[PDB]
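So this block is target-v4.pdb, PDB, C-alpha atoms (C1' of nucleotides):
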```pdb
ATOM      1  CA  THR L   1      70.472 -17.300-134.238
ATOM      2  CA  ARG L   2      67.340 -15.564-132.946
ATOM      3  CA  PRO L   3      65.546 -12.297-133.754
ATOM      4  CA  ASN L   4      67.230  -8.995-132.938
ATOM      5  CA  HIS L   5      67.319  -5.389-134.144
ATOM      6  CA  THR L   6      69.783  -6.059-136.988
ATOM      7  CA  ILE L   7      69.391  -8.029-140.222
ATOM      8  CA  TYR L   8      72.357  -9.335-142.227
ATOM      9  CA  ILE L   9      71.956  -9.146-146.012
ATOM     10  CA  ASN L  10      74.411 -11.036-148.222
ATOM     11  CA  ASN L  11      74.504 -11.704-151.973
ATOM     12  CA  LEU L  12      74.269  -8.009-152.833
ATOM     13  CA  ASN L  13      75.443  -6.689-156.202
ATOM     14  CA  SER L  14      79.057  -5.646-155.656
ATOM     15  CA  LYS L  15      78.899  -3.758-158.968
ATOM     16  CA  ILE L  16      76.923  -1.039-157.145
ATOM     17  CA  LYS L  17      78.860   1.591-155.221
ATOM     18  CA  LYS L  18      78.684   1.781-151.434
ATOM     19  CA  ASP L  19      76.686   5.002-151.085
ATOM     20  CA  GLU L  20      74.165   3.957-153.741
ATOM     21  CA  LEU L  21      73.642   0.605-152.015
ATOM     22  CA  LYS L  22      73.192   2.250-148.611
ATOM     23  CA  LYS L  23      70.562   4.691-149.895
ATOM     24  CA  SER L  24      68.637   2.116-151.941
ATOM     25  CA  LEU L  25      68.576  -0.151-148.883
ATOM     26  CA  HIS L  26      67.366   2.711-146.688
ATOM     27  CA  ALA L  27      64.590   3.666-149.107
ATOM     28  CA  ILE L  28      63.277   0.101-149.438
ATOM     29  CA  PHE L  29      63.772  -1.126-145.857
ATOM     30  CA  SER L  30      62.623   2.059-144.095
ATOM     31  CA  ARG L  31      59.143   0.858-145.109
ATOM     32  CA  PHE L  32      59.211  -1.700-142.282
ATOM     33  CA  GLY L  33      60.358   0.552-139.444
ATOM     34  CA  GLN L  34      62.654   3.307-138.285
ATOM     35  CA  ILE L  35      66.251   2.499-139.252
ATOM     36  CA  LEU L  36      69.034   3.612-136.923
ATOM     37  CA  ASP L  37      71.970   2.878-139.234
ATOM     38  CA  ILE L  38      73.004   0.855-142.279
ATOM     39  CA  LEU L  39      76.505  -0.626-142.459
ATOM     40  CA  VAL L  40      78.129  -1.756-145.709
ATOM     41  CA  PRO L  41      81.456  -2.908-144.237
ATOM     42  CA  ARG L  42      84.680  -2.830-146.222
ATOM     43  CA  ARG L  43      86.022  -6.362-146.689
ATOM     44  CA  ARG L  44      89.012  -7.937-148.403
ATOM     45  CA  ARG L  45      87.083  -8.674-151.613
ATOM     46  CA  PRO L  46      84.175  -6.826-153.315
ATOM     47  CA  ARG L  47      81.695  -5.823-150.626
ATOM     48  CA  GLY L  48      78.354  -7.533-151.203
ATOM     49  CA  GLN L  49      76.820  -7.544-147.730
ATOM     50  CA  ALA L  50      75.251  -5.009-145.380
ATOM     51  CA  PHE L  51      73.677  -4.593-141.947
ATOM     52  CA  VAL L  52      70.367  -2.804-141.343
ATOM     53  CA  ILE L  53      69.725  -1.936-137.688
ATOM     54  CA  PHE L  54      66.053  -1.210-137.054
ATOM     55  CA  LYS L  55      64.905   0.542-133.890
ATOM     56  CA  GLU L  56      62.369  -2.211-133.083
ATOM     57  CA  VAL L  57      62.938  -5.960-133.416
ATOM     58  CA  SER L  58      59.438  -6.224-134.883
ATOM     59  CA  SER L  59      60.618  -4.225-137.901
ATOM     60  CA  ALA L  60      63.570  -6.542-138.532
ATOM     61  CA  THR L  61      61.225  -9.544-138.401
ATOM     62  CA  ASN L  62      58.701  -8.349-140.987
ATOM     63  CA  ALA L  63      61.531  -7.039-143.169
ATOM     64  CA  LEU L  64      63.341 -10.385-143.021
ATOM     65  CA  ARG L  65      60.117 -12.159-144.014
ATOM     66  CA  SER L  66      58.834  -9.802-146.707
ATOM     67  CA  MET L  67      62.066  -9.075-148.596
ATOM     68  CA  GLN L  68      63.565 -12.579-148.372
ATOM     69  CA  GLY L  69      64.939 -13.531-151.780
ATOM     70  CA  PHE L  70      63.505 -10.386-153.367
ATOM     71  CA  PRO L  71      65.348  -8.984-156.414
ATOM     72  CA  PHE L  72      67.668  -6.096-155.547
ATOM     73  CA  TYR L  73      69.730  -4.745-158.449
ATOM     74  CA  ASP L  74      69.044  -7.982-160.350
ATOM     75  CA  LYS L  75      70.255 -10.162-157.436
ATOM     76  CA  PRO L  76      67.972 -11.928-154.920
ATOM     77  CA  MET L  77      68.593 -10.807-151.346
ATOM     78  CA  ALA L  78      69.588 -13.479-148.816
ATOM     79  CA  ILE L  79      68.539 -12.112-145.419
ATOM     80  CA  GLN L  80      69.387 -13.297-141.903
ATOM     81  CA  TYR L  81      69.362 -12.084-138.328
ATOM     82  CA  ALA L  82      72.784 -10.760-137.367
ATOM     83  CA  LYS L  83      74.921 -13.185-135.376
ATOM     84  CA  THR L  84      75.631 -10.313-132.960
ATOM     85  CA  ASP L  85      73.185  -7.440-132.521
ATOM     86  CA  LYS L  86      74.693  -4.220-133.872
TER      87      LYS L  86
ATOM     88  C1'   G X   1      94.250   5.711-130.905
ATOM     89  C1'   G X   2      89.769   7.388-133.958
ATOM     90  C1'   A X   3      87.507   7.639-138.771
ATOM     91  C1'   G X   4      87.908   6.145-143.993
ATOM     92  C1'   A X   5      90.082   3.657-148.683
ATOM     93  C1'   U X   6      90.877  -2.236-153.306
ATOM     94  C1'   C X   7      84.872  -5.224-158.998
ATOM     95  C1'   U X   8      89.216   1.613-158.595
ATOM     96  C1'   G X   9      95.896  -0.736-152.643
ATOM     97  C1'   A X  10      98.116  -5.664-150.894
ATOM     98  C1'   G X  11      99.542 -10.722-148.776
ATOM     99  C1'   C X  12      97.516 -14.889-146.408
ATOM    100  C1'   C X  13      93.376 -18.046-144.963
ATOM    101  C1'   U X  14      88.783 -20.141-147.135
ATOM    102  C1'   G X  15      87.987 -23.413-151.603
ATOM    103  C1'   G X  16      79.798 -23.960-150.912
ATOM    104  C1'   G X  17      83.413 -16.681-147.854
ATOM    105  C1'   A X  18      79.568 -13.111-141.894
ATOM    106  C1'   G X  19      88.122 -15.188-141.779
ATOM    107  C1'   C X  20      93.066 -12.853-140.301
ATOM    108  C1'   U X  21      96.806  -9.244-141.212
ATOM    109  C1'   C X  22      99.023  -5.335-143.838
ATOM    110  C1'   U X  23      99.370  -0.663-146.868
ATOM    111  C1'   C X  24      97.568   4.237-147.705
ATOM    112  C1'   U X  25      94.485   8.798-146.643
ATOM    113  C1'   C X  26      92.457  12.185-142.998
ATOM    114  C1'   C X  27      91.791  13.663-137.686
TER     115        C X  27
END
```
Written as C-alpha cells, how would this file's structure read?
Amino acid sequence: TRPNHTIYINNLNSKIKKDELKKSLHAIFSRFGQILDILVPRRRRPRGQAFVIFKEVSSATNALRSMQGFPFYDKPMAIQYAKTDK
RNA sequence: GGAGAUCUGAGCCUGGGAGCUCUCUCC
C-alpha cells in the first residue's frame, strides 16, 4: 500500500451509532484538510471501520501520522491507507 | 437497477475479520 487520498480506520467503537461516528470523525479529521466524504460501511457484523477521503493526499498523510493509535471513544484508532483509493 | 437497514434482520466463510450471499425498507 502507498499514500492516497483515503485513510482506512479500523478498531472503532461499534457501540457508537453511525451518524455520531461520522460527525465525530469529521470534526477531528477535518483539522488536517478538506474532507470530501466519510464512509462508515454497513458490514455483516457490528461496523467498526470507516473511510475518510481527503481532497489532498498530503492531508491523509499527516492525519495518518498524527492520529495513529489515538484514543477515540475509549478505543485507539488503527489507521491505514486505503487498499483502493475511494 | 439506485439508495438505505442487524452491538436494534439472516445464513455461510474467517477463526489474529478491509470475505461472500440473502432478507427487508424506500425510489
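Taking atom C1' of residue X:3 as the reference point, atom CA of residue L:33 is found at 28.1 Å.
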Residue X:27: which residues within 12 Å, counting only C-alpha atoms (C1' of nucleotides), same-chain residues fewer than 6 positions away excluded, as a PyMOL selection string? chain X and resi 1-4
Give one line per residue of stretch 13-37 of chain L that approaches stretch 60-76 of chain L to at most 7 Å, naming the two atoms of the closest pair and their distance in Å to one decimal, counting all atoms listed in the file; sort by chain then ascending residue number and deliver it as JSON lines.
```
{"residue": "L:13", "atom": "CA", "partner": "L:75", "partner_atom": "CA", "distance": 6.4}
{"residue": "L:29", "atom": "CA", "partner": "L:63", "partner_atom": "CA", "distance": 6.9}
{"residue": "L:32", "atom": "CA", "partner": "L:63", "partner_atom": "CA", "distance": 5.9}
```
Rounded to one decimal, what separation in Å do you get between atom CA of residue L:14 and atom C1' of residue X:7?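 Distance between the two atoms: 6.7 Å.
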Closest atom pairs, chain L residues within 12 Å of chain X, all atoms listed in the file, as CSV:
```
residue,atom,partner,partner_atom,distance
L:7,CA,X:18,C1',11.5
L:8,CA,X:18,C1',8.1
L:9,CA,X:18,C1',9.5
L:10,CA,X:18,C1',8.4
L:11,CA,X:17,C1',11.0
L:13,CA,X:7,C1',9.9
L:14,CA,X:7,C1',6.7
L:15,CA,X:7,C1',6.2
L:16,CA,X:7,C1',9.2
L:17,CA,X:7,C1',9.8
L:18,CA,X:5,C1',11.9
L:41,CA,X:18,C1',10.6
L:42,CA,X:5,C1',8.8
L:43,CA,X:6,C1',9.2
L:44,CA,X:6,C1',7.7
L:45,CA,X:6,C1',7.7
L:46,CA,X:7,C1',5.9
L:47,CA,X:7,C1',9.0
L:48,CA,X:7,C1',10.4
L:49,CA,X:18,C1',8.5
L:50,CA,X:18,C1',9.8
L:51,CA,X:18,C1',10.4
L:79,CA,X:18,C1',11.6
L:80,CA,X:18,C1',10.2
L:81,CA,X:18,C1',10.9
L:82,CA,X:18,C1',8.5
L:83,CA,X:18,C1',8.0
L:84,CA,X:18,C1',10.2
```
Of L:40, L:57, L:52, L:78, the one sitting nearest residue L:28 when using all atoms listed in the file is L:52
Computed gap from atom CA of residue L:2 to atom CA of residue L:20 is 29.3 Å
Centre and edge lengths, as JSON, for the axis-aligned box enclosing every listed atom of stretch 28-31 of chain L with 3 Å of padding on each of the six sides, in Å to one decimal?
```
{"center_x": 61.5, "center_y": 0.5, "center_z": -146.8, "size_x": 10.6, "size_y": 9.2, "size_z": 11.3}
```
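With all atoms listed in the file as the basis for measurement, L:54 is the residue among L:6, L:54, L:1, L:85 that approaches residue L:30 most closely.
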Please produce stretch 41-58 of chain L, completed to N, CA, C and O atoms, as a CSV table (one decimal), in the coordinates of the input.
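Dumped everything to result.csv:
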```
chain,number,residue,atom,x,y,z
L,41,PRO,N,80.1,-2.9,-144.7
L,41,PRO,CA,81.5,-2.9,-144.2
L,41,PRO,C,82.4,-3.2,-145.4
L,41,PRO,O,82.1,-3.9,-146.3
L,42,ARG,N,83.6,-2.6,-145.3
L,42,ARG,CA,84.7,-2.8,-146.2
L,42,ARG,C,85.4,-4.2,-145.9
L,42,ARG,O,85.8,-4.4,-144.8
L,43,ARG,N,85.4,-5.1,-146.9
L,43,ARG,CA,86.0,-6.4,-146.7
L,43,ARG,C,87.1,-6.6,-147.7
L,43,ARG,O,87.4,-5.7,-148.6
L,44,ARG,N,87.8,-7.7,-147.6
L,44,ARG,CA,89.0,-7.9,-148.4
L,44,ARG,C,88.7,-8.0,-149.9
L,44,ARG,O,89.4,-7.5,-150.7
L,45,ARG,N,87.5,-8.5,-150.2
L,45,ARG,CA,87.1,-8.7,-151.6
L,45,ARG,C,85.8,-7.9,-151.8
L,45,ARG,O,85.2,-7.5,-150.8
L,46,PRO,N,85.3,-7.7,-153.1
L,46,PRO,CA,84.2,-6.8,-153.3
L,46,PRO,C,83.0,-6.9,-152.3
L,46,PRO,O,82.5,-8.0,-152.1
L,47,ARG,N,82.7,-5.8,-151.7
L,47,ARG,CA,81.7,-5.8,-150.6
L,47,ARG,C,80.3,-6.1,-151.2
L,47,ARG,O,79.8,-5.3,-152.1
L,48,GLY,N,79.7,-7.2,-150.8
L,48,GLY,CA,78.4,-7.5,-151.2
L,48,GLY,C,77.5,-8.0,-150.0
L,48,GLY,O,76.7,-8.9,-150.2
L,49,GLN,N,77.6,-7.2,-148.9
L,49,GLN,CA,76.8,-7.5,-147.7
L,49,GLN,C,76.7,-6.3,-146.9
L,49,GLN,O,77.5,-5.4,-146.9
L,50,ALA,N,75.6,-6.2,-146.2
L,50,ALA,CA,75.3,-5.0,-145.4
L,50,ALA,C,74.5,-5.4,-144.1
L,50,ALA,O,74.0,-6.5,-144.0
L,51,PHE,N,74.4,-4.5,-143.2
L,51,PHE,CA,73.7,-4.6,-141.9
L,51,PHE,C,72.7,-3.5,-141.9
L,51,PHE,O,73.0,-2.3,-142.1
L,52,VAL,N,71.4,-3.8,-141.6
L,52,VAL,CA,70.4,-2.8,-141.3
L,52,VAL,C,69.9,-3.0,-139.9
L,52,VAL,O,69.3,-4.0,-139.5
L,53,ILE,N,70.1,-1.9,-139.1
L,53,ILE,CA,69.7,-1.9,-137.7
L,53,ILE,C,68.4,-1.1,-137.5
L,53,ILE,O,68.4,0.1,-137.6
L,54,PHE,N,67.3,-1.9,-137.3
L,54,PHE,CA,66.1,-1.2,-137.1
L,54,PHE,C,66.0,-0.8,-135.6
L,54,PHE,O,66.7,-1.4,-134.7
L,55,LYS,N,65.1,0.1,-135.3
L,55,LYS,CA,64.9,0.5,-133.9
L,55,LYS,C,64.1,-0.4,-133.1
L,55,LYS,O,64.1,-0.4,-131.9
L,56,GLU,N,63.2,-1.2,-133.8
L,56,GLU,CA,62.4,-2.2,-133.1
L,56,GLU,C,62.5,-3.6,-133.7
L,56,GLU,O,62.5,-3.7,-135.0
L,57,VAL,N,62.7,-4.6,-132.9
L,57,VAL,CA,62.9,-6.0,-133.4
L,57,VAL,C,61.8,-6.4,-134.3
L,57,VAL,O,62.0,-7.1,-135.3
L,58,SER,N,60.6,-5.9,-134.0
L,58,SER,CA,59.4,-6.2,-134.9
L,58,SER,C,59.6,-5.8,-136.3
L,58,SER,O,59.2,-6.4,-137.3
```
